[PDB]
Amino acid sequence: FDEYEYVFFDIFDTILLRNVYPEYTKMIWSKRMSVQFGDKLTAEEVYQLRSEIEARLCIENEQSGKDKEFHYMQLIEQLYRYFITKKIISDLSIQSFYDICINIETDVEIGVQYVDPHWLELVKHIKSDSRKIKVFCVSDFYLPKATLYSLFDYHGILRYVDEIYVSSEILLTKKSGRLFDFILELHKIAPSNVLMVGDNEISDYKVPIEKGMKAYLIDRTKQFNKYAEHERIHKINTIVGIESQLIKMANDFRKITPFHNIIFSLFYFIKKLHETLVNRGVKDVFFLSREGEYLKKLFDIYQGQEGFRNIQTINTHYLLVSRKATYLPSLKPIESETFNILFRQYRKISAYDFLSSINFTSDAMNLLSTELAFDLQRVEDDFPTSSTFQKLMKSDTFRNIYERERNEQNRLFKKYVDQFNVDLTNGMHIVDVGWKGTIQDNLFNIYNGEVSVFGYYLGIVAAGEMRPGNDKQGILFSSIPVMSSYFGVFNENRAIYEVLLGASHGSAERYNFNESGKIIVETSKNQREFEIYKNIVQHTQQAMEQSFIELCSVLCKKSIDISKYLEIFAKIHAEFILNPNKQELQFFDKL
């Protein structure tokens, strides 16, 4: 050994290593900023704008008596110029625009960074035994010192470091050597009492040796080869071999569970849905029972696999709703209600069917049938023109129970929603499989049009009562206004989505309070639907969760627009709908 008072460590590719090549973090930040601001600019246009500004400040700071370097606030101030002149931002000051910027990049770095385990035992040795050595960090970088304080604290290594010196705070670099002149002068260090340790031969050895310090150059040929082949594959707008990679990933999953490969469609839905919610500025989203239980499960996972930590993170809830629970409170007063939504698909029904669809109780059913001398069980060929329907509409007992239970369920459901701590002032944002968005039409009526409702569906084949304030969206496929690209692929045999997206509980029936006044949603326990999930759907739901993670490690933390490869997902989907092999068909009939 010699005898050093200070050990100076380079940061990047010395202490912190990246899963991606270092330039890819500005591309990922570019894609996430393009989603952040309304897709006004593409992921590549914001990235080109960052390049043009970064190399601009380098040349400008160079010939201002400073060194070739830029502070992060200088980049953000210029970005605020282009954004506000091109009308990309609105109601956004410079300070809040900086917050979104620095939080995307801080989460981006956190997602791909990892500390060198060799550096950990090393810095532990330095910070232990007995003789007291101080540990500094000198890095040529653009992020503020407070940002690298955050990263080191998050990695749990800031306890071994005593100072952090970044070229962005004083705009002096290790390359020019002036940053060394500043640290040695301020701290009053004798050069020969410093051991510099880094990966660059110029900035971490040649210049330190010239300044009088002892230096050690560690080898990174194995780490920079990993960056070399990763840059071969991941560019700003493409990933080479992504088609064969997905298709190969789709050949080995097929025997896991029957119809295991719709998980690729669900990943496209989850990834494009998230872009749409963040683009719309959505902070709260509701997943509808019961098909939405597994959809929320995958959406909560996805945000965790993308590294969303402090920005572009969405709170998700679970709204216990069913067609039956949401239709009654949405109706008009009996003087105007025609029940057309119920009569457009069901006509050959019984009074028991009708009184259950408008969600009457068995006591009301056992009183109306008993009072009006009709059979509750008897099914009619045309109920809207039936005698029993004409009897009910005229009966005052019906007319009493109708107004009482329509206004109560409306009051009880609305206070059930208030328990979720969501401000419907900006809008109620809902996600489901759908096809039609029936429940959404009910929800919008329940609030009497005072609440803007936004629907986001896996697929949409029927518009229903779409109108201003009642908006619907088909993420994977839609027929509004026109059929979207590859409509026939995902619409064909679309029943498998309802099968594989079963929930663990019963269907939502009605709303009432518990003991204290808090609203409890009663569910109908259908024993055979419970057995289907427990013994079949639940197992395949968790087997697809694992293949969903592997799709995440290949498609999360990238700069790609997922919509550019919908054809690849349409390809994979068709290979088991246009040719579903052997027993997969018999599994479909069982449930």
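We number the residues from 1 along the sequence you see.
Taking only CA atoms, the mean B-factor in the PDB entry is higher for 372 to 380 than for the other of 372 to 380 and 194 to 202. For the pair 76 to 84 and 262 to 270, the record assigns the higher mean C-alpha temperature factor to 76 to 84. If you compare the C-alpha temperature factors of 221, 147, 315, 438 in the entry, 221 comes out highest.
Out of 29, 70, 548, 565, the entry records its largest CA B-factor for 70. Ranked within its chain, residue 306 lands in the lowest third, by CA B factor from the PDB record. Per the deposited record, the Cα B-factor of residue 92 falls in the highest third when ranked against the other modelled residues of its chain. In this PDB entry, the Cα temperature factor of residue 576 sits in the top third of its chain's modelled residues, the highest group. When the modelled residues of the chain are ordered by C-alpha B-factor, residue 494 sits in the middle third. When the modelled residues of the chain are ordered by their C-alpha B factor, residue 453 lands in the lowest third.
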